[PDB]
Structure formats: structure tokens, C-alpha cells
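Chain by chain, the residues:
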Amino acid sequence: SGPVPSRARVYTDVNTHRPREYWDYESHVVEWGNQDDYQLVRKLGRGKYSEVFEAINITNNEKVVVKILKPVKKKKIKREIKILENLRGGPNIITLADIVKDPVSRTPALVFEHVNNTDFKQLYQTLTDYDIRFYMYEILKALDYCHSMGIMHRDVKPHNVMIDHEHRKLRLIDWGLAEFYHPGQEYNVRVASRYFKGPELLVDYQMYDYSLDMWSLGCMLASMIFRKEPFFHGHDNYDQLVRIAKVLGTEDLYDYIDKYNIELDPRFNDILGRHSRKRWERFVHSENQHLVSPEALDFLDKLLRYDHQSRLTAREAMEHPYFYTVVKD
Ligand SMILES: COc1cc(/C=C(\C#N)C(=O)Nc2nnc(C(F)(F)F)s2)ccc1O
């Protein structure tokens, strides 16, 4: 009895066949740079796990960004550092430039390339149909890369997608929640922002994979093309699943949990209800129709599936007709 196991349908065995040093981040040995190379200019932001500063690298006169990690498990720190080093140079992956020991926090400070960002409230108010297709494709490059390298991001959301719109430059950031995918491994479901959490997380299914990121990407896409941010706006993790079910319907939710022999929290008995699956056209109106096309809706439809094994992979997504109009390098 109990839930049915699951495996990724792609990149299943990447970490199996890479050497142990690649994924065994607990044994990684950090090469420290010199903290005096970087002069902090201003604080950019603060989160649960870090503070971020604009800085100058006074050895080359280049702007950088410094992420000073808040005290946390050595394991979580080494995990992020190892993942960043493994992915460095990949398409639209934020580039780790240095690692220093901050003298005040006495924790690692990660030094990254500087991206001249516009925060996603003003940007998302402007982006055209063409812009959204372009930047989605750029996100997909990053996701196929990290998935192909055995890593799931697990925190895909607008805040973690930096865009310097002037230079049409995109970087996927904050790999602090990212993990190595190992077939059969059970993972923490307390990942991703509420609004971007996949159904697998919301029904407490731990044996998930790269396809989690594709659900999150779908949530981003829906918010952008329908001009509703966030799209699934739950007030807590339970209501989050109810909001999803009011769109995707309850019958396919039950098919999903029945497939994996998953049982819903009895707390859903009085709040879930019975809901038909809705057609995506109902979210189209005169103020977002310029961002919507049959191709957009089909693409969105193929990302937002309950069954994590049924979602487009990043590579499959890049083959979708939605991207036919995007100029390719
Ligand atoms: C929060 O985690 C990260 C954050 C960042 C970078 C930024 C953040 N947050 C970042 O560069 N933010 C900026 N905000 N304004 C910038 C400006 F105005 F200087 F362009 S950069 C890079 C890697 C990370 O893992």
C-alpha cells in the first residue's frame, strides 16, 4: 500500500552516470576569493535566506551583485554553491563569479554577474506578445539546461527571473532551493512560492522531479498572457489546490491522485467541491486578448497538467508552435 513511485521521463539517470563529486555537494570544498575585492554600494533586497547588495569589484572596475547568505545548514549552502558551479556557463544561468567570507555575517557571500534589472511589476505591465514569447523561450533554455544537468530549480517565479529588457538579457537566479534529481528520491514538498507550487507539492507527493518547474513556468505564463498576477491566488496551501481545481476540474484531480494511489487530506472534504474543467478562453478579455493566441492557450494547457508525468518537458516546450514567431539565434 501507500503511494506509487514515480520517475522523471527525461534526464532520469544524469546524476547516476556523472562522477560522485558532481552531485555529492556535502563533500564539496569551497575555494574562497578575497572579500576585500568587493565594495558594497547599496542594499538591493532581503529575503528569508539572503541579503543582496550592489557592489563594485575594485580589481576590474566591474559592477557585481553580492548575495550574503543568512545562517543556515552548511549542507544547504554547499548545495547552492555546487549547483551554481555545475551550471556556470549554461544558457541564461546566473554566473557565479566568486565566493567570499563576509566578515560581519561570518557566512559565505556569493558574488554574481550584474544584471541591470527592471522589477517584474513595471516590466509585466509593458511586455508585448512578442516579448513574452521571447522571454519564455529564454527561460526554457535555462530550464532545459539545468534539467539536462540533473538539477531542478524548485523556485521558478517572476522574482527569480531577472530581465535587463534594454539588452533583451535574461538570467534565472536564486538557486538556493535547487536540488539534484535522483530517481526514487523523496524530496521536501515545502519548496516554491505558494502561487507556483505544483499539485504534487500540494497533495504531499514527495517523489517529484524536473516537471515541477514546468508547472511553475505555466503559472508564470498564465499570469503574463491573461494579465492576472498571480494567476492561482490561494490564501493558503489548501485554498491553493482548490483554486487550481476550479480551473482544471476535480475529476482530473481525482484521476491524478488515484493514478499514484495518493489520498487527499480529509480537510478537503468540505472545501474542494465538484468542478468542471474550464476552457482557457474564459480568461480572455479585451484587455489581454493582444497577448493570447490559439498557440499560447495550447502551450499553457500542456504545461498546466495535474499529472507531473504529463507536462511538456522543457525541450518539448521549445518545439511548441507558440515559439515559431520568435527569432532564433
Ligand atoms: C536572491 O538570489 C540571487 C539574487 C541575484 C541577483 C539579484 C537579486 N535579488 C539582483 O541582481 N537584483 C538587482 N536588483 N536591481 C539591480 C540593478 F538595479 F542594479 F540592476 S540588480 C543573483 C543570484 C541569486 O541567487
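What counts as what
Residues numbered from 1 in each chain as written, not as in the entry; some residues may be left out. Heavy atoms only, no water. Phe/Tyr/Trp six-rings, centres within 6.5 Å; stacked < 30°, edge-to-face > 60°. Helix = DSSP H or I, 4+ residues; strand = E, 2+ residues; numbered from the N terminus. Buried < 20%, exposed > 50% of the residue type's maximum accessible area, 1.4 Å probe, protein only. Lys NZ or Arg CZ within 6 Å of the ring centre and 35° of its normal. UniProt positions renumbered as here; feature names shortened; annotations may be inferred. Polar contact = N/O pair within 3.5 Å; in protein donor to acceptor, adjacent residues only side chain to side chain. Contact = heavy atoms within 4.5 Å.

## Comments concerning the packing of aromatic side chains
Two aromatic rings, taken as a pair, are described by how far apart their centres are and by the angle between their planes.
Part 1: Here the structure, examined in full by the defined rule, presents 23 aromatic pairs.
Part 2: Ring geometry for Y11 versus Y210: centroids 6.2 Å apart, planes at 90°, classification edge-to-face. Of the two residues, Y11 is situated in the segment before α1 (14-17) and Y210 in the loop between α6 (199-202) and α7 (211-226); the sequence distance between them amounts to 199 residues.
Part 3: The class of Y210 is buried, set by a relative accessible area of 3%.
Part 4: Ring centres of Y205 and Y260 lie 5.5 Å apart, and the angle between their planes is 50°; on these two criteria the pair is classed as tilted. Taken together, the residues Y205 in the loop between α6 and α7 and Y260 in the loop between α9 (250-259) and α10 (294-303) connect sequence positions 55 residues apart.
Part 5: Since its relative accessible area comes to 4%, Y205 is described here as buried.
Part 6: Among the aromatic residues, those joined into a ring-pair cluster are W215, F226, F231, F232, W280 and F283.
Part 7: Over the ring of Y22 we find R18; its NZ or CZ atom is 4.6 Å from the centre of that ring.

## Some words on the UniProt feature "binding site: ATP" in the protein chain
Part 1: Per the UniProt record, "binding site: ATP" is annotated on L44, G45, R46, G47, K48, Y49, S50, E51, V52 and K67. For this annotated set, covering 24 residues, all C-alpha atoms fall within 14.1 Å of each other, a compact arrangement in space.
Part 2: Relative to the assigned elements, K48 resides in the loop between β1 (38-46) and β2 (50-57).
Part 3: Here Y49 takes part through its side chain, which lies 3.0 Å from a polar atom of the side chain of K48.
Part 4: You can see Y49 is positioned in the loop between β1 and β2.
Part 5: Residue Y49 is classed as partly exposed on the basis of its relative accessible area of 34%.
Part 6: In this structure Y49 touches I68, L69, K70, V72 and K76, once residues within four positions along its chain are discounted.

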